[PDB]
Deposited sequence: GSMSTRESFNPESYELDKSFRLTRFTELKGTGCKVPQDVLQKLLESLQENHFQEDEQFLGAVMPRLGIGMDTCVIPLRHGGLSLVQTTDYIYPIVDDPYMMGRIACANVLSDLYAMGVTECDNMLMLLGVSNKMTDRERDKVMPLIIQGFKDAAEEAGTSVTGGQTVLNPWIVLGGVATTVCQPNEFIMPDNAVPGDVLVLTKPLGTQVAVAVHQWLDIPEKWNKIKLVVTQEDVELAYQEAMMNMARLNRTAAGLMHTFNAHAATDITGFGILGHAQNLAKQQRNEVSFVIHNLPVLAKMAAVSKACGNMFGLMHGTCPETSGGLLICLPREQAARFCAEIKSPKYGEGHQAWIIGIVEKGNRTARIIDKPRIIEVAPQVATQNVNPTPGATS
């Protein structure tokens, strides 16, 4: 429902033009990252998870905060704004923190975009960011906006919590299960949407999926990426979640491993199946080692929460989230006595997910 025409722009405008897409995404890779950052009674959390937790000098309060930024991934500016904001907030929600006391916005304007575009397109993005922040029960009260070759979209989310408002991501025990609350394959969906404007590329998977399927995985990806994990965070309290992370840029497996290493208990995770936006596995599979959606290594953007739940609270949680109005969740695996690592079995079961 975005038409460049409907705004006095060239029919040819793509918001996705102001960055370069990569099957494996834009984040400095996990292992490279962990090396570059080597010098850097109340539970604290420093570098390594989704949020810091910084005990404050005042009254048993802790500072809980997070930052993130991405580049344009859909051509709908308003929705892209929602997504940039939802991605920022995703990480509070990984800590079960339902409230956001304040947001900041990180904005890059493309030095390649005309004034007309900027004054037309940027406001949609800002409205989108503001509206998601409003659903989140918070607001943007400062930020930074500079010229960059690419459109940069991010922000900061900070909460000053009492001890029970957050859940430390380390209480998993053998016999917990793994609940994922959004389907995988967002990167395939957005990229493959960009490929249809490009013959050479569209010729390749032309033989795998219809333009209709692609439009459909796109609207769906866009929908779920704009979806706040706020509800999922709240339900983690009710159903006694032991640990959670969210699935963003390092892919289902990278973040699963990252959660696994934080566990106090000697446990490991095994992922047995993967919910995936329909047709996207076949697409990833059709493009060799470009995405790797099958191996857990493909980037997600603003994915869902991966949650360690008591075996007996798992189904109640799924029930509740799906039928409050809500969106179905999936139990994808198990936690075991293990060495603090994560794996997807060799031949995982693909749960094809339809709109």
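According to the record, C-alpha coordinates are lacking for deposited residues 1-7, 48-61, 346-348, 380-394.
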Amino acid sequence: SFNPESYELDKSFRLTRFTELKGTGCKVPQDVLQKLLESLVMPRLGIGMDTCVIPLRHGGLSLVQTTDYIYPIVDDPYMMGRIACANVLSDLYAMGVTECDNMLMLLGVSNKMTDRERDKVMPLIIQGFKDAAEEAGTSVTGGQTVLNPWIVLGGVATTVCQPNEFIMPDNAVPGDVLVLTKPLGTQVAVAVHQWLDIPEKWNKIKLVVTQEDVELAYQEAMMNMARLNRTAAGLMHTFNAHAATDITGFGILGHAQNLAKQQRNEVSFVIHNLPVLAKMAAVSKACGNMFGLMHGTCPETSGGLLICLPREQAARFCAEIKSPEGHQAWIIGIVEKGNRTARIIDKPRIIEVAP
From here on, numbers count along this sequence of modelled residues.
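Relative to its counterpart among 111-119 and 240-248, 111-119 has the higher mean temperature factor, C-alpha atoms as listed in the PDB entry. Higher mean CA B-factor, judged across 15-23 and 328-336 from the recorded values: 15-23. Comparing C-alpha B-factors across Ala233, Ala86, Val152, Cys100 in the deposited entry, the largest value falls on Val152. In this entry, the residue among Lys261, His255, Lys285, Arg227 with the greatest C-alpha B factor is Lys285. When the modelled residues of the chain are ordered by C-alpha B-factor, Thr141 sits in the lowest third.
Sorting the modelled residues of the chain by their CA temperature factor places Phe129 in the middle third.
Annotation for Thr66: C-alpha temperature factor in the lowest third relative to the rest of the modelled chain, per the entry. When the modelled residues of the chain are ordered by their C-alpha B factor, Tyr93 lands in the lowest third.
Among the modelled residues of its chain, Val214 has a C-alpha B-factor that falls in the highest third, as given in the PDB entry.
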